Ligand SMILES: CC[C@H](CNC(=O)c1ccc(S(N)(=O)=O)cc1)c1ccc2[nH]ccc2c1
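Quick setup: one chain, the form deposited without the ligand, written in structure tokens, and binding and motion questions come after.
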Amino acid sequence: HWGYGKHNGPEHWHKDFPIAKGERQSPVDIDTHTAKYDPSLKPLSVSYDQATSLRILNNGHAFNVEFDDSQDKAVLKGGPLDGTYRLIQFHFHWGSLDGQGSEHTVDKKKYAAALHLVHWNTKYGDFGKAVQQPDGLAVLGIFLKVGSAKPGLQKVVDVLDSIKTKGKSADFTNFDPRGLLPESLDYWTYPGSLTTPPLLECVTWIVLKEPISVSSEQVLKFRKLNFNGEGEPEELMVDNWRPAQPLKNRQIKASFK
């Protein structure tokens, strides 16, 4: 199966998922001088006040916090989007060292980690149908840099012990994703794909310009997770990120100048 190792890592994915070499793959490097400021871009509308988190699980490649998406509780609108997009889950990508971990890079700069909040277009009925459409998903990407602790991230950091190995899950209710948002909602946007197989090209990427800070102790906890399942030899879950892909015939737009 695919993974992030020498023998099953990103460079091998194309063999099982040919779309890996597609036209609108992610992530990409964001060249800030080439990004086009687009004054017609509306501001983002993040309505997470009624969000309902359910559980957190280690799926073998990252840990996901899942939300109840049976109704319009936590939605994303505005920006470059048409319609309402429902939050289904968020996960992170991180490195073994503080100088790597994010999937997107800004002017070649890599951040310690990246938080991806995944949303699906409600006009398609369910997540499964949405991934098969060019405008089915909207992923809000937030960079993490090591500095001071993010208070709102601790509840997530403290439960990691319970889901150390692949397949483990824990109840994770009453978690408010609003505590993970930076102060500014300025962003870059471009059409792309999922960064893990099946790598479907159904995503509208919205990358926030402003990163949030987390302490080294907080990121250290992420690094204690395992790719393997219980009773198998230990493989630390680190460097679960895909390298930047060529932009090809796409333009990255900026909501700010």
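Each residue number is its position in the shown sequence, starting from 1.
Keep in mind that the form deposited with the ligand bound is not shown, yet the notes after this line are about it.
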Contact assignment for the ligand in the entry with it bound, among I88, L81, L185, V146, heavy atom within 4.5 Å
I88
Just to be sure I understand the contacts: of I212, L194, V46, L41, which is the one whose heavy atoms reach within 4.5 angstroms of the ligand in the entry with it bound?
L194
According to a 4.5 angstroms non-hydrogen atom cut-off, is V118 in contact with the ligand in the entry with it bound?
yes
Please run the contact check for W205 against the ligand in the entry with it bound: heavy atoms, 4.5 angstroms, yes or no?
yes
Does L76 reach the ligand in the entry with it bound if we count a contact as any heavy atom within 4.5 Å?
no
Mark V139 yes when one of its heavy atoms lies within 4.5 Å of a heavy atom of the ligand in the entry with it bound, and no otherwise.
yes
Can you name the residues of 120 to 136 that have a heavy atom within 4.5 Å of the ligand in the entry with it bound?
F127
